[PDB]
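S.K.: First the structure, which I've put down as structure tokens, then a few questions once you've had a look.
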Amino acid sequence: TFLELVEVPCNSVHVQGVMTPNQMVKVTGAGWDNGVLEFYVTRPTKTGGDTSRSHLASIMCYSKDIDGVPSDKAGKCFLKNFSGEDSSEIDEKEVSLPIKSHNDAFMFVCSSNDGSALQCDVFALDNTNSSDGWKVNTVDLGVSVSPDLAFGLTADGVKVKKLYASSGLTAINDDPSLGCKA
């Protein structure tokens with residue numbers, strides 16, 4: 001069934017807004033150099049053709065490994081929104097996403113339940129939470145989805161060993177320039 005986290009044939013996840021309910025994304029970093037996890041989502045300029053609008057949302061996490069992070073917020077993540085469809089304005093909000101373990105293992109997941117909004121769950125493996133596993137905290141981006149909403153998490157030293165998305169959301173109709181095997 002096209003509603004199960006299937007191994008995505010890319011380095012970054014790709015969905016087309018007109019496909020399925022679009023359950024959720026799940027990308028695994030598992031190993032970085034300094035960290036500062038930078039997640040991002042895109043949007044098309046046209047609905048099915050020329051698809052190159054701004055990156056509708058981004059989530060940058062500041063950990064206590066990467067140098068130059070807020071000592072007050074080291075171990076948290078920030079949400080950024082770009083003026084797309086339901087935006088028309090940059091929205092930037094600090095959120096409670098704990099990433100402070102030096103464990104290298106981290107995941108970025110995002111869901112669009114209504115198909116007109118994108119929410120993300122920031123997963124991270126803490127060394128004190130290792131017995132429980134990954135931590136999960138929800139962050140609402142306030143951004144809406146569209147016919148080309150391809151996701152991805154990038155960070156210096158981060159190599160995406162596994163890339164997962166719901167098989168209904170695994171819509172690979174993008175350009176291989178987004179680090180993707182077509």
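Chain lettering (A, B, ...) mirrors the order of the structure tokens, residue numbering begins at 1 for each chain separately, and ligand numbering begins at 1 in order of display.
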If you run DSSP on this backbone, which residues of chain A come out as strand (DSSP E), and could you give them as a count of residues only?
M.R.: 66
S.K.: Show which residues sit within 7 Å of residue 116 (chain A), as a PyMOL selection string. Count only C-alpha atoms, and ignore same-chain residues fewer than 2 positions away.
M.R.: chain A and resi 114+144-145
S.K.: If you count only C-alpha atoms, which residues fall within 7 Å of residue 83 (chain A), apart from same-chain ones fewer than 6 positions away, as JSON, numbers by chain?
M.R.: {"A": [56, 89, 90]}
S.K.: Please, what distance in Å, to one decimal, runs between CA of residue 182 (chain A) and CA of residue 84 (chain A)?
M.R.: 26.7 Å
S.K.: As a list in words, please: the residues near residue 10 (chain A) (cut-off 7 Å, only C-alpha atoms, same-chain neighbours under 3 positions excluded).
M.R.: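 Counting only C-alpha atoms, the residues come to residues 13, 179, 180 and 181 of chain A.
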S.K.: Applying 6 Å and only C-alpha atoms, which residues near region 159-174 of chain A remain after dropping the ones on its own chain fewer than 4 positions away? List them as a PyMOL selection string.
M.R.: chain A and resi 2-8+14-16+20+22+24-29
S.K.: So which residues touch residue 133 (chain A) within 12 Å, counting only C-alpha atoms, skipping near sequence neighbours fewer than 3 positions away, as a PyMOL selection string?
M.R.: chain A and resi 103+105-107+123-130+136
S.K.: Could you list, with a cut-off of 6 Å and counting only C-alpha atoms, the residues of region 81-125 of chain A near region 59-75 of chain A, each shown with its nearest atom pair and the distance in Å rounded to one decimal, rows sorted by chain and ascending number, as a tab-separated table?
M.R.:
residue	atom	partner	partner_atom	distance
A:98	CA	A:75	CA	4.9
A:99	CA	A:75	CA	4.3
A:100	CA	A:75	CA	4.4
S.K.: For the residues in that selection, give me C-alpha atoms as an mmCIF file, in the first residue's frame.
M.R.:
data_model
loop_
_atom_site.group_PDB
_atom_site.id
_atom_site.type_symbol
_atom_site.label_atom_id
_atom_site.label_comp_id
_atom_site.auth_asym_id
_atom_site.auth_seq_id
_atom_site.Cartn_x
_atom_site.Cartn_y
_atom_site.Cartn_z
ATOM 1 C CA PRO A 98 16.025 18.670 22.069
ATOM 2 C CA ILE A 99 19.158 17.719 20.113
ATOM 3 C CA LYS A 100 22.022 17.691 22.585
#
S.K.: Nearest to residue 57 (chain A) among A:143, A:110, A:18, A:77, with distances taken over only C-alpha atoms: which residue is it?
M.R.: A:143
S.K.: Fewer than 3 positions away in the same chain doesn't count, so skip those; otherwise give me all residues within 7 Å of residue 17 (chain A), counting only C-alpha atoms, as a PDB file with N, CA, C and O atoms, in the first residue's frame.
M.R.:
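Wrote it out as around.pdb, contents follow:
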ATOM      1  N   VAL A 145       1.300  22.619   1.605  1.00  0.00           N
ATOM      2  CA  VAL A 145       1.942  21.766   0.619  1.00  0.00           C
ATOM      3  C   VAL A 145       1.389  22.042  -0.782  1.00  0.00           C
ATOM      4  O   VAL A 145       0.340  22.666  -0.937  1.00  0.00           O
ATOM      5  N   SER A 146       2.113  21.582  -1.787  1.00  0.00           N
ATOM      6  CA  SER A 146       1.814  21.863  -3.182  1.00  0.00           C
ATOM      7  C   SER A 146       2.372  20.722  -4.057  1.00  0.00           C
ATOM      8  O   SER A 146       3.079  19.857  -3.545  1.00  0.00           O
ATOM      9  N   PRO A 147       2.054  20.701  -5.378  1.00  0.00           N
ATOM     10  CA  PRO A 147       2.447  19.614  -6.324  1.00  0.00           C
ATOM     11  C   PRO A 147       3.947  19.289  -6.403  1.00  0.00           C
ATOM     12  O   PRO A 147       4.330  18.411  -7.164  1.00  0.00           O
ATOM     13  N   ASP A 148       4.785  19.977  -5.639  1.00  0.00           N
ATOM     14  CA  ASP A 148       6.220  19.672  -5.606  1.00  0.00           C
ATOM     15  C   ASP A 148       6.820  20.182  -4.302  1.00  0.00           C
ATOM     16  O   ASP A 148       7.228  21.333  -4.195  1.00  0.00           O
ATOM     17  N   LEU A 149       6.852  19.302  -3.319  1.00  0.00           N
ATOM     18  CA  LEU A 149       7.120  19.664  -1.927  1.00  0.00           C
ATOM     19  C   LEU A 149       8.318  18.911  -1.376  1.00  0.00           C
ATOM     20  O   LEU A 149       8.358  18.586  -0.193  1.00  0.00           O
TER      21      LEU A 149
END
S.K.: Quote the spacing between CA of residue 40 (chain A) and CA of residue 21 (chain A) in Å to one decimal place.
M.R.: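 Spanning CA of residue 40 (chain A) to CA of residue 21 (chain A) is a straight-line distance of 19.8 Å.
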